[PDB]
Structure formats: C-alpha cells, structure tokens
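Below you'll find only one chain, the form solved without its partner chain, shown as structure tokens.
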C-alpha cells in the first residue's frame, strides 16, 4: 500500500464524501490532500483494488484509526 500526501493548492477534487468502512486489504493507495487556499477542506481519496476511487470523510472514525496505524509504522513496518 502507498500513502500519497499532496502539498498542493489546487481546487477540491471531491464532490461528496463517503463514511463507509473500507477494509485495509482492499486499499491500493490512499491520497491525502490537506486543505489550503484552493480547497477549504481536507480530502482523502482511497484507491480500491477493484479500481473504485472513493472520496472518504476525513472525520470518519475508521479512517482516523487507520491513519494512526500508518503514522506509527511510517519508519518501521515491524508490528511492535
């Protein structure tokens, strides 16, 4: 899996947000676009293994919990 963070100032890419759980095993990439002057909200786009591309609510509990896993394994992926 690949996490991409775009430190850009472009217009919003998402017109809706989904809060539906996406199991990590189905995720090929996650793209995070922090908000800025181009888009007034943080966007999180999940690229699923079946090629679906899903804008996700960045305040959804399941994505927050996932992001904590990704943060804590960003220097070592060893499960300790």
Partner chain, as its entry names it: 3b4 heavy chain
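Residues that one form lacks are left out of the comparison. Residue numbers count along the first chain shown, from 1. Whichever C-alpha set is largest while still superposing within 1.5 Å between the two forms counts as the rigid core.
Below, we turn to the form deposited with its partner chain bound, even though it does not appear here.
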Query raised in the report: Is residue 69 close enough to touch its partner chain in the bound PDB entry, meaning at least one heavy atom pair within 4.5 Å?
Result: yes
Query raised in the report: Can any non-hydrogen atom of residue 11 be found within 4.5 angstroms of its partner chain in the bound PDB entry?
Result: no
Query raised in the report: Within a 4.5 Å heavy atom cut-off, is residue 27 in contact with its partner chain in the bound PDB entry?
Result: yes
Report task. Align both forms on the core first, then report whether residue 66 has a C-alpha shift of 2 Å or more between this form and the one not shown. Result -> yes
Report summary line: Moved regions between this form and the one not shown after rigid core superposition (C-alpha shift of 2 angstroms or more, 3 or more residues per run) are 66-71
